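Trainee: fold the following for me, if possible:
(2 chains, ligands or ions: 3)
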Amino acid sequence: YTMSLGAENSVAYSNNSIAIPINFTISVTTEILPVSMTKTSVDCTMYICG
Amino acid sequence: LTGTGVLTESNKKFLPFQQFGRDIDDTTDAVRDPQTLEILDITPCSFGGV
Ligand SMILES: *[C@@H]1O[C@H](CO)[C@@H](O[C@@H]2O[C@H](CO)[C@@H](O)[C@H](O)[C@H]2NC(C)=O)[C@H](O)[C@H]1NC(C)=O
Ligand SMILES: *[C@@H]1O[C@H](CO)[C@@H](O[C@@H]2O[C@H](CO)[C@@H](O)[C@H](O)[C@H]2NC(C)=O)[C@H](O)[C@H]1NC(C)=O
Ligand SMILES: *[C@@H]1O[C@H](CO)[C@@H](O)[C@H](O)[C@H]1NC(C)=O
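Mentor: Numbering: from 1, shown residues only, chains lettered A, B, ... in the order given. Ligands and ions are numbered 1, 2, ... in the order given. Below you will find the coordinate block:
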């Protein structure tokens, strides 16, 4: 299918209306970041020639 | 099949037709002695960086 970016949300804009929150959600989200890799050392002489 | 290694006793039970043993990386880490049908692990020698 042709993908859909998101659901349409026509914001009810007017020159004299505001939307004020009456409540809140404490949301905890995960962010995973790689820091290091496996430290590898190669004996060049042994690898090429044994 | 030639190489250099430390030959220790192995707990791997080979099937009767199999002679050598390989790990994921296709390196010979297990072998069967031709004279006496026993399985030996081939641990690579302790190479290291000084
Ligand atoms: C603030 O008021 C506007 C209009 O009075 C609301 O917008 C409508 O929302 C309904 C519900 O989805 C839609 O069917 C209408 O098409 C919207 N109209 C317009 C002009 O956008 C809006 O939802 C209200 N805001 C809140 C928080 O209730
Ligand atoms: C704001 O939202 C919270 C939930 O995020 C509401 O707390 C719930 O309130 C109802 C009715 O009082 C209870 O049945 C739920 O068990 C409550 N949930 C939790 C997690 O405590 C709270 O009432 C809302 N406040 C307003 C003013 O709308
Ligand atoms: C080969 O010689 C060894 C000598 O110890 C003997 O034990 C063995 O039975 C012989 N035969 C085979 C098939 O290994």
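
Trainee: what does chain B have sitting close to chain A?
Mentor: B:4, B:47, B:49 (C-beta under 8 Å from any C-beta of the partner chain). C-betas here are computed from N, CA, C, even on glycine.

Trainee: where's the closest residue to ligand 1 within chain A relative to residue A:50, distance?
Mentor: Going by C-beta to the nearest ligand atom, ligand 1 is nearest to residue A:12 of chain A, at 3.5 Å. Applying C-beta to C-beta, to the nearest Å, the value for residue A:12 to residue A:50 is 75 Å.

Trainee: now, the residues of chain B next to chain A that are in strands?
Mentor: Counting by DSSP state E, no part of the residues of chain B next to chain A is found in strands.

Trainee: number of residues surrounding whatever residue of chain B ends up closest to ligand 1?
Mentor: As assessed by C-beta to the nearest ligand atom, ligand 1 sits closest to residue B:24 within chain B, at 57.0 Å. Counted with other C-beta atoms under 10 Å in any protein chain shown, residues neighbouring residue B:24 total 6.

Trainee: cool, and residue B:31?
Mentor: 21.

Trainee: got a list of what it touches?
Mentor: Contacts here follow C-beta atoms under 8 Å, 6 or more residues apart in numbering or on different chains; on that basis residue B:31 touches B:1, B:7, B:19-21, B:39-40, B:42.

Trainee: can you tell me the SS state at it?
Mentor: Local secondary structure at residue B:31 is given as strand here, using DSSP: H, G, I helix; E, B strand; the rest coil.

Trainee: could you give the bridge partners of it?
Mentor: For residue B:31, the beta-bridge partners are residue B:20, residue B:40 (DSSP bridges).
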